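Chains P, F, W, G, X, C and E supply the protein sequences, listed in that same order. Each residue of the first sequence is one higher than the last, beginning at 1 in my numbering. Each residue of the second sequence is one higher than the last, beginning at 1001 in my numbering. Each residue of the third sequence is one higher than the last, beginning at 2001 in my numbering. Each residue of the fourth sequence is one higher than the last, beginning at 3001 in my numbering. Each residue of the fifth sequence is one higher than the last, beginning at 4001 in my numbering. Each residue of the sixth sequence is one higher than the last, beginning at 5001 in my numbering. Each residue of the seventh sequence is one higher than the last, beginning at 6001 in my numbering. To start, the structure under review is shown below, and the notes come after it.
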Amino acid sequence: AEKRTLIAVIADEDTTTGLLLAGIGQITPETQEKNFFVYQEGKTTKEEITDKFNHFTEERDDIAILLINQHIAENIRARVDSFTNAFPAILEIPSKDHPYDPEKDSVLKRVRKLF
Amino acid sequence: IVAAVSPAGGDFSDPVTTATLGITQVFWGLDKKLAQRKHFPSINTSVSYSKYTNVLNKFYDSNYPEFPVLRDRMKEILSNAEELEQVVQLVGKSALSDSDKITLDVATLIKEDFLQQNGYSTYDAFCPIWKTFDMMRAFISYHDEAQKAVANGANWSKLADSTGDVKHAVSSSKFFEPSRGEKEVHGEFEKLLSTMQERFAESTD
Amino acid sequence: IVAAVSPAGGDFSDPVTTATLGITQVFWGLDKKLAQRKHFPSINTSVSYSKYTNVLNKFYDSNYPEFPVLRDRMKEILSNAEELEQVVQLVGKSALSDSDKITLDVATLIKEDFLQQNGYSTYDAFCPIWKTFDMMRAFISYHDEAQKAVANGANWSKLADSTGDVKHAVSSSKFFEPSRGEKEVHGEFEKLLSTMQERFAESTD
Amino acid sequence: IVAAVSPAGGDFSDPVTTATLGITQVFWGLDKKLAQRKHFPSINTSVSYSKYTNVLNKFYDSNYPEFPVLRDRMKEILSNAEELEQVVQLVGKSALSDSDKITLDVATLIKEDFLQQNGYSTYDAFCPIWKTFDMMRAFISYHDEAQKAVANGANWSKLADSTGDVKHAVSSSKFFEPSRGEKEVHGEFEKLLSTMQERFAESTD
Amino acid sequence: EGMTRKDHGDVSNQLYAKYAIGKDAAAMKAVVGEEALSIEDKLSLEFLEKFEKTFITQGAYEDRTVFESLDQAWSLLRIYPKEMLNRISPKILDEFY
Amino acid sequence: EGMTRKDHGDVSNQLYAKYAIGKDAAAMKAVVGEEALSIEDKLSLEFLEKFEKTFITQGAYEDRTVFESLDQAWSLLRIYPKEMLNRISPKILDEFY
Amino acid sequence: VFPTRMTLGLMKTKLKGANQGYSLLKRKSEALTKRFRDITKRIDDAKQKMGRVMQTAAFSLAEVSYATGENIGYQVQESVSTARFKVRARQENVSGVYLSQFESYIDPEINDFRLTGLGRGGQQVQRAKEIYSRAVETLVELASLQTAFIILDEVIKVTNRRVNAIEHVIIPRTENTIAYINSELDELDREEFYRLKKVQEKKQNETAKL
């Protein structure tokens, strides 16, 4: 159970900034590696998001819930779908100025088939 | 000849039950469950066959009943339904269309009207060939129009609220006299065809 | 008459055994799987009966013991364990009630101390009734206190950890021989009851 | 003396079969499912033996073949395949690892290619001692290379995809006549060894 | 004990119980999945194979000392805690293990 | 009547059906646990224990006349509401719960 | 091949093991899918609800970032070195299976970060954090069901395979094996009686003629 109490973020810069101010993530004091990843839309390559994905899910283990923007999650669709674990939780929420889509939501796809 | 057979070793693998099923061309199942529910006899199309059937219906086809066409279409509706029930169990009702839901309703009617009896009236105690004929004619007639209308822009829920009076009437035919139209051809059915057609104009529109 | 019966072809379906059970009024089981595992003689309450029981427990009531009460509970612990074991094998354990776990645990104690004994109990040359009663009495008291303890609220795990010292002590009972109390009544088991009561006190709050 | 026998009891426990099994030195089983797929004559290592194999394999070693090592490796590939095949059917292939996924696949190829000797050729029906050796060698080299490649970082699906054409070529090998190369030891089998080795480097990295 | 040891009968008794569980755990393992497994059973699955392929196996020409046999028994049993043992009196165990 | 009551037949249907369901409930309880079980299954469970321990169980020298038996039956069945009792005519059900 | 002489007794109990498993496991399966459906409708709504809240809090934060004429987010990244909103994990029995549940705590021992006092620009950040702490709490409390959901999704798939497997494979194997052995078995008993009768007939002939 308890061995994890950070919420990590893959989101647009404003959303992330806000979330941190509110206090969820951190820049660790003995790894000196962020436990959040900011994204400049369209200006950041799809390959850099993927490294960061691996980082929160696997290369870190203190991540409880992994938050991820629908716009961003779609770009790296392959890696998200392949992640099916509950440790950390994958919870896709709408991106900033983007509406809900059931098909940018990895878990909802999974659930629908084989009900 | 109707012969009952029963286990002779406490199994159905007894020489007797298995020898007779070979000789016979009619097999009609019988269930504890349907008897407790008050359907007497207890025959289902999964635990039966009759190979004599082709010649009989043919014979019936001559007299006035449209019997052969109706009967094949009856067997199929009960078969297809069983399969549609298995989906309701696993997935639920969120993967079934209006047309599949309609199959279920028609099947429930066929079962209700024919299979369930108990001597409710002196109209269950005796039924002529004609009353049997009118019942199934009514169920198929509804089936084709209803499915057609959902294809053309309707809903099972819609079909249900409008159908109301005509649909309860076909379900209750078994308590009423068959002698309403003539003397053994039932009037409650003959009027139904016209109302069901009228029903369908309203339903599509 | 103690007459040994054993296979003459099948496991109990051989002629010999079938006839003997008819006529015998006392039967004491012996399971093969537990025999290979070394836990013989294994008496299984389903594969065992006594028709003499009712006159016998009333005899032991006259002699001093509360014996009839202990019999029912001895039976209950063994009995539920067999049914819960069948759910354990098939489904697995991911959950198994607080009460159900207790029954399993205590039934192991009964196996180890009683059922297993044949060159493994350093005293076995003749065992009095009182001593048997006193030993079983500790097992049953541990059981009732334990099930009450989970229900009035206290975790299953806290309850295992605090019972601790006494639980081992009942586990070790089997080696102990009359040397305290009377010549048939044993003080280590009498001491045990009172200490048990103190453990329950620590465990509930 | 080579003698065929048959049941008439619909089991393999019948007197005729049993009395021959007692006495016989070499036993070549019959597996109905494989034969239903067609694989004349059909066998698994668990249904067959030759007590003579040991002394035979030393003799074959002198002849040229790598025969001893290939006999132990053949048994082992089939035996592992059988255990895993139960786990796949009931539980799923989800528990299994990619090396054991391979075990089923190499073993399948051996079923289709060896056992099937009905043919429509005398090359698909006659496989000389030398032709039998090359084939078995080629197939084991694949399995060993295959378990390593997935081990230092490659997939069952990825590995399967890269050999691809080269896998078809070993399947179809059997159709090809034995009269070429040195004698039945073709250059066709010798070049194939190099292509497996090359494929191994690709597969891993 | 004069041509065997006193633990000869105890050490044999332990090895039957553990082998028996390992065999039932194997059958269950196939059918349901690894869902019915428990800590003792996983240990028992390994024990089965360990025993089969080291203990029972030997050459035709090979012959074995009884005293030798008994050290190889102990070795196999060394992978289980002592609290899980019960077909051996705690006195006996302490001396040879 | 006069050695039975009219209400005898309806009751026979309620008790058999409820009892069967009680056995099924015992197996489910072991699996789900006590703190994760259904209301309908919980009722069926309660019935199993009382049914066994009161209706079937009687003493060696205790005579159970048919009139006596039918009363004990209404206490057991009471735990279910009227909503879950229905193989009983509402006439009866209103007389005796 | 399986033992011929009185296997019947063991093989019957195999069937009873199998049978008990279909009913019980189907009850268990039935219950998990009934729950699963309930969660489905909750999770679907909760995704839409989180999205609205996250976009609104994000836009108020964005407006502020632009008005002050400096990027607040850089300032914010140095100061973040703890997290106020954390989770504490619990395992909860939903049927027999343990699912992950989370209950959120807000550290009251954790002060406000210093990103205020920037002048007029500081007022803007000060109001901004207050809306956002409220907003962020939403995302986490709703998120607790998701983790339980994903697990529930995996376990039901395994429980579904097991019912199908026992039903199709296991039970008919017990039927067919039982039957094979029965047929041999009855014949051993019958033929014996015929053997006895044949020998006795010869005997009766001899004795009668005397």
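Just so you know, even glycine gets a beta-carbon here, dropped at the ideal spot from N, CA and C.
Asked, Found
"DSSP state of residue 1109 of chain F mapped onto helix, strand, coil", "helix"
"CB contact check: residue 5071 of chain C to chain E, cutoff 8 Å", "no"
"CA nearest to the CA of residue 1076 of chain F, picked from F:1110, F:1057, F:1064, F:1094", "F:1110"
"CB contact check: residue 4025 of chain X to chain G, cutoff 8 Å", "no"
"Best match in C:5082, C:5071, C:5076, C:5080 for proximity to residue 5007 of chain C [C-alpha to C-alpha]", "C:5071"
"Member of P:80, P:23, P:12, P:15 whose CA lies at the smallest distance from the CA of residue 6110 of chain E", "P:23"
"Residue 5079 of chain C - DSSP class collapsed to helix/strand/coil", "coil"
"Beta bridge counterpart(s) of residue 12 of chain P as assigned by DSSP", "P:39"
"Test item: CB-CB of residue 2152 of chain W and residue 2204 of chain W under 8 Å", "yes"
"Alpha helix (DSSP H) runs wholly inside the region 1155-1192 of chain F, at least 4 long, in chain order", "1156-1171"
"Outcome for residue 3052 of chain G when other beta-carbon atoms lying within 10 angstroms are tallied against a minimum of 16", "exposed"
"Alpha carbon of residue 3189 of chain G to alpha carbon of residue 40 of chain P, nearest angstrom", "57 Å"
"Paired residues, beta bridge with residue 2042 of chain W - DSSP", "DSSP lists no partner for residue 2042 of chain W."
"Beta-carbon gap between residue 2095 of chain W and residue 6093 of chain E smaller than 8 Å", "yes"
"Minimum Cβ-Cβ distance from residue 5046 of chain C to chain W less than 8 Å", "no"
"DSSP three-state assignment for residue 6083 of chain E, whether helix, strand or coil", "coil"
"Any chain P beta carbon closer than 8 Å to residue 6090 of chain E", "yes"
"Run of the beta strand (DSSP E) containing residue 6105 of chain E, from where it starts to where it stops", "6097-6106"
"For residue 4047 of chain X, three-class secondary structure by DSSP", "helix"
"Given 8 Å, three or more beta-carbon pairs between the region 3146-3164 of chain G and the region 4007-4024 of chain X", "no"
"Residue 34 of chain P - partner residues in DSSP beta bridges", "P:27"
"Backbone secondary structure at residue 6090 of chain E - three-state DSSP", "strand"
"Three-way DSSP call (helix, strand, coil) for residue 6015 of chain E in this model", "helix"
"Residues from the region 2069-2096 of chain W in contact with chain E, defined by Cβ distance under 9 Å", "2086, 2087, 2089, 2090, 2091, 2092, 2093, 2094, 2095, 2096"
"For residue 15 of chain P, the nearest candidate out of E:6185, E:6028, E:6072 (CA to CA)", "E:6072"
"Best match in F:1031, F:1008, F:1001, F:1007 for proximity to residue 1024 of chain F [C-alpha to C-alpha]", "F:1001"
"Any C-beta of chain E under 8 Å from that of residue 4032 of chain X", "yes"
"Residue 4044 of chain X classed as buried or exposed, judged by whether at least 16 other C-beta atoms fall within 10 angstroms", "buried"
"CB contact below 8 Å: residue 4087 of chain X versus chain W", "yes"
"Beta-bridge pairing of residue 92 of chain P - partner residues as DSSP gives them", "P:68"
"Residue 6156 of chain E, buried or exposed, once every other Cβ within 10 Å from all chains shown has been counted against 16", "buried"
"Residue 6222 of chain E at chain X interface by Cβ criterion, 8 Å", "In the structure displayed, chain E extends from 6001 to 6210; residue 6222 of chain E sits before or after that span and is not available."
"Cβ of residue 2098 of chain W within 8 Å of any chain E Cβ", "no"
"For residue 7 of chain P, three-class secondary structure by DSSP", "strand"
"Contact set for residue 6177 of chain E: own chain, Cβ-Cβ below 7 Å, skip 5 residues either direction", "6002, 6011"
"Helix, strand or coil at residue 1142 of chain F [DSSP, three-state]", "helix"
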